[PDB]
Every structure is written in structure tokens, then in C-alpha cells.
Amino acid sequence: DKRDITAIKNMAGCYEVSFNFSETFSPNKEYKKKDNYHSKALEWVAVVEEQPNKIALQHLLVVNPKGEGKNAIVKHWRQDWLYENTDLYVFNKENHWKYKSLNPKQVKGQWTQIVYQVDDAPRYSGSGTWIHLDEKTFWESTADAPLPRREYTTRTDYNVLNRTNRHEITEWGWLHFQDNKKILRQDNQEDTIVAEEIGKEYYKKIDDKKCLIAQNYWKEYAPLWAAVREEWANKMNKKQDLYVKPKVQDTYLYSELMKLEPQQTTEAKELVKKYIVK
Amino acid sequence: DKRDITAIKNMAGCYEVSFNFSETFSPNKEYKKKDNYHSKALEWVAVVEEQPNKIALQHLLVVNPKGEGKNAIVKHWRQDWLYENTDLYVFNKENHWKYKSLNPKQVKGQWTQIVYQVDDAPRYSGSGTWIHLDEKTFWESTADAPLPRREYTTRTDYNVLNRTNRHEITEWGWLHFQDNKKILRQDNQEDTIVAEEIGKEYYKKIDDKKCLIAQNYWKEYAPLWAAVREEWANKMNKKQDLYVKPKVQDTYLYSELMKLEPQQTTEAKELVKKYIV
């Protein structure tokens with residue numbers, strides 16, 4: 001179904017995003033639910049790569065609309081879509097992502113979505129079939145993920161967020177629905193659900209012109225980010241587990257990459273390798 | 001798909017149900033969320049009617065497992081499944097259900113689930129396709145519905161519950177996931193969503209023995225209820241709107257039927273037609 005490509009590419013554009021999360025259930029009766037979350041943003045999603053069965057989508061955030069360049073844009077998670085892919089990198093705990101090879105017969109008709117981090121490192125991976133039935137266009141998958149900032153800045157109750165993600169194309173844009181389980185993963189033990197949350201992320205399509213600051217940034221700095229991507233790919237094509245340093249020399253990778261200029265491709269690649277433990 | 005029929009019939013058996021409801025979002029920022037609802041129950045789901053394009057499932061609750069017969073059993077929502085159905089009764093508001101016709105083109109591959117109440121009156125209807133992909137077996141649809149007991153016993157804040165219902169077959173049984181919206185449809189202001197709720201009902205499969213008390217009741221009282229279904233069907237097959245009197249003589253219908261005996265079929269059909277306007 002080629003309607004599958006239409007749906008992925010319908011997640012591209014200029015959007016005003018409403019971020020919303022509410023806690024729901026817990027296996028502990030004494031659990032005290034945390035207050036609900038709401039944020040807002042201006043996001044431009046771009047199609048960085050279109051290949052025969054690969055579509056890559058980069059999210060960029062416009063923080064200052066009255067500005068120009070990189071100081072007005074903050075990069076956001078990338079979303080890569082691969083058809084009938086058997087090679088996945090999934091989150092275990094901490095800074096460990098493990099290679100998982102899927103059965104090639106279960107991934108038939110399916111698309112794998114690999115969501116990446118701001119520094120372009122792997123964040124989470126899942127596979128599923130796009131459904132174009134009942135006047136609805138949706139995709140669902142479940143994936144273990146690193147804790148987001150809204151959570152690590154607020155609590156230490158858990159280490160893995162299991163996300164059941166749903167991507168639905170809508171009249172006004174798209175919705176990223178999430179039914180998440182907050183899990184405590186400890187070694188040689190079974191996972192424990194500390195709590196659960198529901199999230200509804202609304203992307204309302206607006207005119208592309210209102211996201212021009214980001215389009216102009218990417219025109220210039222795209223070649224650099226392609227090299228960052230290529231290096232991560234070199235590691236992950238070796239099909240071995242990935243361990244990633246969070247900070248080297250009290251500096252994070254995204255910050256170092258951002259300081260770099262558009263043509264400093266070689267330098268960028270060396271930086272990625274400096275944050276890969278192997 | 002054949003697997004379609006297999007999926008509906010896997011929603012049957014003896015189950016231990018866990019009911020879980022949590023309010024989530026509201027457009028009123030000053031809204032105070034209500035406490036979460038949790039309950040448990042023992043239920044028997046049975047296949048009462050199976051024809052090629054219609055499968056009906058009756059839910060019966062065992063309230064006392066050390067009991068005998070009728071007073072140990074409480075009737076629960078019937079679930080009728082109809083393939084490629086164009087005739088639906090949809091909840092509007094306040095004891096009124098409106099007839100809706102659908103174009104056969106929209107319902108291809110789809111099944112309609114009409115959920116009925118304890119008095120076998122209609123509650124909600126919706127249509128959707130069963131998905132058998134990704135090692136998952138699911139069905140989803142959206143339907144405006146009347147308020148449940150959990151809510152009418154406690155709130156007058158709203159009058160219609162919009163429900164997005166997901167029925168998924170699982171190894172342990174089935175799950176009823178609910179993404180619902182709480183709406184006030186009114187006068188002097190229009191549809192207001194008061195709050196949103198998420199519900200997850202877990203129907204875990206257990207030994208049939210635990211549900212026999214109910215199986216026995218059904219063997220005896222089945223024909224009375226077949227008769228109640230016959231009268232409602234008469235009204236509904238006339239494809240016109242339905243208004244149901246909530247109470248006559250300050251008496252509810254289920255209560256009257258529940259005061260009857262298997263033999264009393266005519267009286268039942270008569271009691272039903274008393275509450276039909």
C-alpha cells in the first residue's frame with residue numbers, strides 16, 4: 001500500500017504542538033498521581049531522506065520566531081521509517097541500547113519507526129502496520145524508551161518508559177497518542193510498573209511560512225547533520241549493542257555539534273565517536 | 001475474514017473482570033479531577049445467538065457465588081454484533097435514541113456492535129472493522145452513550161458520554177479500552193466537554209465452574225429474555241426514533257421483569273411496551 005507513504009509524509013509540515021500528559025493507573029494503591037503536563041511549541045517537520053523504503057523526518061523547534069538562525073532553533077527528535085526492517089536498536093536501561101533482530105516474517109507489511117535523539121543517537125525502535133480502514137489512517141507500536149526530561153527532572157521512581165505509540169493522521173494534522181507504563185527495570189528481576197500515563201500530542205498544521213526560520217537553518221546545516229547520521233549508522237550497522245556516554249568533559253554532544261559550522265563534517269563525526277563507549 | 005467471527009466468540013467464557021477508570025484532561029483549567037474508579041466482578045459471557053452474520057453475547061454477573069439461581073445473578077450488557085449493518089440506533093440524549101442509516105459503502109468489512117442494557121433496551125451502537133494484524137486482534141469504534149451507574153449515581157455534571165471503544169483479544173482474555181469524553185449537551189450553551197477519561201477493563205479468563213450458577217439461570221430464564229428482545233426488536237425494526245419512559249408508577253422496567261418467572265413471557269412483553277413511548 002502506497003498510502004503508507006502518503007501517511008508518513010503527512011506528518012511533515014509546520015505545526016503548533018500541544019503537549020499533554022495525564023497520569024492514570026498504578027499497581028500500588030498508595031500511589032499519588034502527579035499533576036498533569038501541558039506544553040506548547042512551534043515545530044517544523046522536514047523530510048530529510050526519502051529513499052525507496054526509507055523516509056526520514058526531522059523535527060525542529062522554533063523558540064524565537066523573531067530571530068534568525070541556529071540560536072532561534074532547537075533541534076528535536078527525528079523519526080525514521082523503514083519498511084520491512086528486521087534490524088532494531090531498543091532501550092534496555094541507562095545508556096544501553098541493544099540490537100534486536102526481528103523475524104523477517106512478522107515484519108511483513110510493517111514499517112519500523114526509529115525515533116532518534118537530538119544528537120541523532122538512537123532513542124527507541126518499534127514496528128507496525130499502517131492501517132487505512134474505517135476512514136482512519138493510523139499506526140501503532142510499543143517501545144521501551146529513555147525517560148523524557150519532564151520526568152527525569154521531576155522524579156527517580158523509574159528508569160524505563162514503555163510507550164505504546166499511536167500515530168493518527170487527522171483533518172487538522174496529526175495526533176501522537178501514548179499509553180505509557182512507567183517501569184522500574186532492575187537486573188535479573190522482572191519489570192515493575194510504578195505507574196501509567198496517557199498522552200495526547202496534537203499537531204495542528206499551520207502554514208509553512210510561519211516556520212521559515214527553521215527551513216533556512218536546515219538549508220544551511222543539513223550537510224552536517226547528515227554526517228552525524230552516517231556515523232551513528234556505522235555503529236549500528238555493525239549490529240552490536242550500543243553504549244553511549246552521556247557527557248564527556250562535562251559537555252554534551254548536541255552542544256558541541258551546534259557550535260560547529262556547516263562544513264565541519266569530519267569534525268562532527270569524530271565527536272560522535274567520542275560519545276560512543278565501545 | 002472468518003477470523004472476525006472467531007474474535008467475537010473469544011469474548012465469551014467465564015471471566016474475572018477488573019474495572020478501572022481515570023479522569024485525564026479537561027478544557028477547564030480549574031477543573032478538579034475526580035477519584036479513580038476500581039471495581040471487580042465475576043462475569044459469564046455467553047453466545048446466545050449465532051447466525052452467519054449475527055453473533056450476540058450476553059454478560060451475566062455472579063454477585064453471590066455461594067448463592068442459588070436468580071438472586072445470585074445480575075444481568076449485564078448484551079453485545080450484538082452485526083456484519084455490514086446499515087441500521088443503527090444512536091443515543092442522542094435523555095431516553096431518546098435516534099435512528100441512523102448508513103451507506104452500505106461505509107460499512108463494508110465492518111461489523112456493528114449494538115450494546116444493550118439490562119432491560120435489553122438499546123444503549124449504544126457503532127461500526128468498525130476487526131483488525132487482525134501485527135499479532136493483534138482488535139476492533140474500535142466511537143459511540144455516544146448514556147451515562148453509566150458509576151457516574152449517574154455520583155454526578156449531574158454532564159449528560160452524554162462519548163466513547164471510543166476498543167475491544168482487543170489477549171492471551172489472558174480480552175480487554176475493553178475506553179477513551180471517553182464527558183459532554184454537556186444543553187440549553188443556553190452548546191456541547192461542552194467537561195472532562196476526558198480513560199478506562200481499562202480486564203477480562204481475565206477463568207474456570208467455567210465459577211460461572212455455572214449463571215449458566216444454570218440462563219437455561220431456565222432464557223426464553224423470558226428472548227421475549228423481551230423480541231418486543232424491542234419489533235420497535236426497532238420499524239426504523240423510527242425511540243423514546244423510552246424511564247419510569248412508570250415510579251417503577252423501573254428491569255425491576256418488574258426481575259420480579260417475574262420464566263413462565264411469564266406475555267407479561268414481560270407487556271411490561272416492555274409500557275415503557276416504550
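Computed from the coordinates by the stated procedures, all read-outs in this text should not be read as laboratory data. Positions of Cβ are backbone-derived with ideal geometry, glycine not excepted, and every protein chain shown enters the neighbour counts.
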If you go through segment B:148-158, how many residues are crowded, with 17+ Cβ neighbours inside 10 Å and more than 18 Å from the chain's Cα centre (by Cα)? 1
From the list A:142, A:156, which residue is β-branched (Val, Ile, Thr), within 16 Å of residue A:183 (Cβ to Cβ) and away from chain B (no Cβ under 14 Å)? A:156
Answer yes or no: is there a residue in segment A:121-129 that is more than 10 Å from chain B (Cβ to nearest Cβ) and either of a type in the set (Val, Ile, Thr) or under 30 Å from residue B:110 (Cβ atoms) (or both). yes
Among (1) in contact (Cβ under 8 Å) with a residue 40 or more places away in the chain; (2) in contact with a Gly (Cβ under 7 Å, 6 or more places away or on another chain), which single condition is residue A:173 missing? (2)
If a residue must be in contact (Cβ under 8 Å) with a residue 12 or more places away in the chain and over 23 Å from residue A:179 (Cβ atoms), how many such residues does segment B:29-46 contain? 6
Could you tell me whether any residue of segment B:180-198 is within 19 Å of residue B:41 (Cα to Cα) and not hydrophobic (A, V, I, L, M, F, W, C)? no
Working only within segment B:61-107, note down all residues that are among the acidic types (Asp, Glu) and within 14 Å of chain A (Cβ to nearest Cβ). B:84
Failed item in (1) within 21 Å of residue B:273 (Cα to Cα); (2) within 12 Å of chain A (Cβ to nearest Cβ); (3) among the polar types (S, T, N, Q), with residue B:110 passing the rest: (1)
Filtered residue count, segment B:227-275, keeping only those that are within 16 Å of residue B:123 (Cβ to Cβ) and of a type in the set (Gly, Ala, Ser): 1
Considering only residues of segment B:159-181 that are away from every other protein chain (no Cβ under 14 Å) and of a type in the set (D, E, K, R), which is farthest from the chain's Cα centre (by Cα)? B:171
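Look through segment B:184-233, keep the residues that are β-branched (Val, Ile, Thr) and under 25 Å from residue B:66 (Cα atoms), and return whichever of them is nearest to the other protein chains (Cβ to nearest Cβ). Explain how you work it out, then say what you get.
Let us first name the residues in segment B:184-233 that are β-branched (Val, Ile, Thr), namely B:192-194, B:198, B:206, B:213, B:228.
Applying the additional criterion that residues be under 25 Å from residue B:66 (Cα atoms) yields B:206, B:213.
Values: B:206: 20, B:213: 30 Å.
Top of the filtered list is B:206.
Examine segment A:8-28 for a residue that is closer than 23 Å to residue A:127 by Cα, among the polar types (S, T, N, Q) and touching a residue at least 60 places away in the same chain (Cβ under 8 Å), and state whether such a residue exists. Working first, answer last.
Restricting attention to segment A:8-28, the residues satisfying the condition of being closer than 23 Å to residue A:127 by Cα are A:8-12.
If we keep only those that are among the polar types (S, T, N, Q) too, we end up with A:10.
Now narrow it down to the ones that are touching a residue at least 60 places away in the same chain (Cβ under 8 Å): A:10.
Among the residues of segment A:8-28, at least one is closer than 23 Å to residue A:127 by Cα, among the polar types (S, T, N, Q) and touching a residue at least 60 places away in the same chain (Cβ under 8 Å), which makes the answer yes.
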With respect to residue B:50, determine if the residue is outside any loop (DSSP other than H, G, I, E, B), more than 13 Å from every other protein chain (Cβ to nearest Cβ) and touching a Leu at 6+ places or on another chain (Cβ under 9 Å). no
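Would you check if residue A:38 is surrounded by fewer than 14 Cβ atoms within 10 Å (Cβ to Cβ) and in a strand (DSSP E or B)?
Details: surrounded by fewer than 14 Cβ atoms within 10 Å (Cβ to Cβ): yes; in a strand (DSSP E or B): yes.
So residue A:38 fits the description; yes.
One line per residue, one yes/no per condition, for (1) surrounded by 19 or more Cβ atoms within 10 Å (Cβ to Cβ); (2) in contact with a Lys or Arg (Cβ under 8 Å, 6 or more places away or on another chain); (3) among the charged types (D, E, K, R):
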residue	(1), (2), (3)
A:193	no, yes, no
A:211	yes, no, no
A:217	yes, yes, no
A:230	no, yes, yes
A:270	no, no, yes
A:278	no, yes, yes
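How do the helices (runs of 4 or more DSSP H) wholly within segment A:198-278 filter down when requiring 1 or more residues that are over 18 Å from the mean Cα position of the chain (by Cα) and closer than 22 Å to residue A:98 by Cα: which remain?
So the answer is A:212-236, A:265-273.
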